[PDB]
Each structure stands twice: as structure tokens, then as C-alpha cells.
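Encoded as C-alpha cells, the following chain is the form deposited without its partner chain, with no partner shown.
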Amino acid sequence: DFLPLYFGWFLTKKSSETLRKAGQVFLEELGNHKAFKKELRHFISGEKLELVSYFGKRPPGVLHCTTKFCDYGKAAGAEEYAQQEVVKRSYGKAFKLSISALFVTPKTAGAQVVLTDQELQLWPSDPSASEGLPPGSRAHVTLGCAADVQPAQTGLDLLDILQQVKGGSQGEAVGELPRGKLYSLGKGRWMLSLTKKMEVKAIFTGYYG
């Protein structure tokens, strides 16, 4: 028996619509915000940019939070991850995920997930960007990416942003949005720290493509 393309928590229809819309609104507010317009120079090499279109490659339907990319067993650690009891036991089970913030970079747009310890048991254990950052920090839901961005980039961007946060490089909020504080981290990187964390319902399972 061969494994799925990847495991992860797949959000319900309602939760997907909720998070997707939040993302959409965020991209609109950020693109319309004076602080972002002022930094367009550091966002793209080549006025006003429409972020919703910039992140043109979007998830077509149900949003998800990936745990372990398996590539049908070809990826390193896939077989080992799939055979775990906690993965087999948690298969088809319902979980609540906690979104702590929404972020944007020149490459990707996504939402940061804060996994509970229970959920962390489903996080694989096998990057340099993960130095100092606790396991699971990479957890996220991708909302979009630029034309020529490869998979797995959103997680790498999130870790990079969480790294700057680690060293108190967040910086004073450059603005306020209805959902929370807006932070400019430089190099086209932006983070909205939500005043109230968003809770989404999701089913843990494998996607076979």
C-alpha cells in the first residue's frame, strides 16, 4: 500500500471560507495601507499593487495545514511517519486549529498556525531556519503565492518571519487593522498579529491527488 501525497488537517467548508475571506480582506487592506505602498520598492523590483492578483496562485477549494509531505512514499521519512500509531489513530479525527496571525512576503501569503501539544504529536520530526524555533513553528495554511513560487515556500517564509520575531526585530506596529496590529519586518515581509485568534475546524487525513 502506497502513502498519500501528504498528510494534514483539512479545514471544513465553513472554516475554509472564513479563513480564505479573512486572507482576501487582509490582502486588500495591506495593499491599500500607506505603510505598505511606501515600501513597494522593497516588495518588487519593477504606483499601487493589487495583492489579491499578485498572489494569483491560490488554493482552488479546501484549505489545509500540512504536517508531513510524503510524495507517495518517495520523500524521506514518509513511511516512518505514516506507520506511527498517533497518525493512524488520528486519521479521520476532528481537530481545532488556532490561527495567531496572517503574513505576507514577496513570495507567499499565509496564516500562522499554533499547534497544541496533542496536535504536535502529529508533526513530523525530520532546516536551519528551525534553529531556536520550537518544532511545529512552521505550521501554516497557505493562502496564495507568486507566479513562480514552488511548494513548501510558505513554511520557509513563516520560519524566516518568526526568526526576526525571535530577535525582537518585530518593530513597533506601523498601523492598525480591524483584526489587529500590522507589523513591517522589512524585505517585503509583513505580519498581522490577530487580537483575537481564529479557530478553525479541520479533519486530519491524507490527500492522494
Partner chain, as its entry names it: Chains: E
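Residue numbers count along the first chain shown, from 1.
Not pictured, yet referred to below: the form deposited with its partner chain bound.
For the three residues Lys14, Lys96 and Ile203, a heavy atom within 4.5 Å of its partner chain turns up in the entry with it bound in every case.
Remark: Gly92 counts among the residues lining its partner chain in the entry with it bound, judged by a heavy atom distance of 4.5 Å or less. Heavy atoms of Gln84 never reach within 4.5 Å of its partner chain in the entry with it bound, leaving it off the interface. Not displayed here, its partner chain is kept clear of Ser125 by more than 4.5 Å at the level of heavy atoms in the entry with it bound.
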